[PDB]
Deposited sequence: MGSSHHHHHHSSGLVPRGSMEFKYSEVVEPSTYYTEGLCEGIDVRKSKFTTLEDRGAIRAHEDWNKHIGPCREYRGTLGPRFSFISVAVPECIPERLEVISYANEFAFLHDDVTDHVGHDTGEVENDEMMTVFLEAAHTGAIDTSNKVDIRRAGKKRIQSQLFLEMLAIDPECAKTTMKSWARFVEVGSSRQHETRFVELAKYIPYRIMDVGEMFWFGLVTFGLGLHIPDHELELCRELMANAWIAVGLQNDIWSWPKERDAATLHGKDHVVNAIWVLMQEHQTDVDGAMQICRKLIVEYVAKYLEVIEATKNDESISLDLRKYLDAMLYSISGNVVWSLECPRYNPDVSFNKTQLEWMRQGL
């Protein structure tokens, strides 16, 4: 079932109980993520704006995709990472000579034509105060469709265009969980941010909660955390049920199972990622490429 990654040993990383039930697997080719990402840095630096030693998908120990998609087909690892960083870019901008990223697009056809077209096609595209309302919004402000299109490719999945409607209704709890996670850890980031624009609000669950619940910062977190834990289960439920219906795509069922590790992945990464954790430094290896190599 798994041939491109190893389980990470639990006594070596912190989970904060925020993914009870999921192994942690590392892609066993993580340095491909390194190189795919950094090229994107260079390309960005090259073609649209300054970009050196950027805090995105890379972590000194846990880099995102290496740990969020650890069974990704090795040959495809770089370009995916290349994508994700660009994604991680195009976000910072949200919170020219850039159409030239078809070289990326082109890169994919050379590998998997159909998977590419989907994914590409798949890539067709505030101030909330009650959680019930936010959840719809953020579940895409985090990038459901992107990630979808992303993983399918790297796993070379083909799902028939009809389950498309279905699939998303399965991974609600999932996408829900990770949204909150980001909002927990991207919180100070995204918090200091709203402080600058002069915003009265922060488009972040923590802020919503504080409003919806008359509570302070601390109060918002505990709840959110209490919640994440519960959407975890809610999704885990699904697995067991869905484990054996053949009207379900082999691929979908794969894709579902694969989502587990994005969750576990998100945790450890976000607990480390220089992106959310400035104090965090990279690898010798990681840097040696950023400063000099690649």
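According to the record, no C-alpha positions are given for deposited positions 1-20, 116-153, 184-194, numbered from 1.
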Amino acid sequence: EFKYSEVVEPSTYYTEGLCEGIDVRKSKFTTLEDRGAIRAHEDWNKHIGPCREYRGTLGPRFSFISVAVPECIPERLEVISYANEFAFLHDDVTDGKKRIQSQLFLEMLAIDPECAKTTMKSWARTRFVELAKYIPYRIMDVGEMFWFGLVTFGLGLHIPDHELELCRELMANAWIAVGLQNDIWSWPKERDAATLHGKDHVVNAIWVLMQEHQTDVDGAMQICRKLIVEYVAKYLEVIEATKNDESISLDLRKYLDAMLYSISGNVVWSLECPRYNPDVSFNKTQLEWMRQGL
From here on, numbers count along this sequence of modelled residues.
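When the C-alpha B-factors of 213-221 and 101-109 are averaged, 101-109 comes out higher. Averaged over Cα atoms, the B-factor as recorded in the entry is higher for 238-246 than for the other of 257-265 and 238-246. Per the PDB entry, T118 shows the highest C-alpha temperature factor of the residues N204, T118, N84, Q181. Among the modelled residues of its chain, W123 has a C-alpha B-factor that falls in the highest third, as given in the PDB entry. Ranked by Cα temperature factor within the chain, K199 sits in the highest third according to the deposited record. Among the modelled residues of the chain, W187 sits in the lowest third by CA temperature factor in this PDB entry. Compared with the other modelled residues of the chain, the Cα B-factor recorded for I48 ranks in the middle third. In this PDB entry, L32 carries a Cα temperature factor that places it within the lowest third of its chain's modelled residues.
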